[PDB]
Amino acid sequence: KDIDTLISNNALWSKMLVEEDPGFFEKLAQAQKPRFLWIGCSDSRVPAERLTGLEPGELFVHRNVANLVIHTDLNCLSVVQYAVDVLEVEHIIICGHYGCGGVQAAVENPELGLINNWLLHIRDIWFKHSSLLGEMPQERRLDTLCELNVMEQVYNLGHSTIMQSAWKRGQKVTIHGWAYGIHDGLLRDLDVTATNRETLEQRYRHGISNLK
């Protein structure tokens, strides 16, 4: 596909919606805010809307390389703060994916340029879980690191001042850690779901334990 194809396809799709789904934009024109924030990877191998059935307007989205929530990344933190404090999303889903190019590059460590600095945060997680990974068969280690990465980003998200403040004041927000692969598109819930500061810690340990 080329650029002229995208523009032309868009024009035809917009016209065909009049017959196929004349109401396609009706919920978007209402003041209903999205209830979900999705933090995923720029690889976007299967779009979040396809994976879940979520409709236009139901999902606020951030994507970056390897779906990180770095403690001091103001881009992601600004998405989160707007979603939690202004849109009042009820769920935040961090979704990783098996085969992620960012996770693979963190492990193989090729000299890729500027991106290698971003990927050092993944190498820190790999270091953190070296003993756990060493108890597992080698062929499962890379996908396990993909899962651990998600769990650590959920943990970071729950430790941000944004989430700590929301939970302290009794706002209902739940964080989830998921992963999928392109072998079937099937979401795996990594079982780290957090609804407050206490469950954040308990279920982080639970998710890691399920891997041990």
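Under this definition, the rigid core comprises the largest set of C-alpha atoms superposing within 1.5 Å between the forms. One-based numbering along the sequence shown.
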Report the stretch with the higher root mean square CA deviation, pooled over structures and residues in 5 other deposited structures of this protein, choosing between 23-31 and 39-47 after a rigid core fit. 23-31
Greater root mean square CA deviation, 91-99 compared with 127-135 in 5 other deposited structures of this protein, core aligned: 127-135
Could you check which stretch, 31-39 or 179-187, carries the larger mean CA temperature factor in the entry? 31-39
Can you tell me whether 52-60 has a higher mean C-alpha B factor than 156-164 in this record, or the other way round? 52-60
Scanning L119, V89, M136, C76 for peak Cα temperature factor in the entry gives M136
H71: CA temperature factor from the record, placed by chain third, in the lowest
Is the Cα B-factor recorded for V107 in the lowest, middle or highest third of its chain? highest
Third assignment of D143 from its chain's C-alpha B-factors: middle
Sorting the chain's modelled residues by C-alpha B-factor and splitting them into thirds places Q171 in the highest
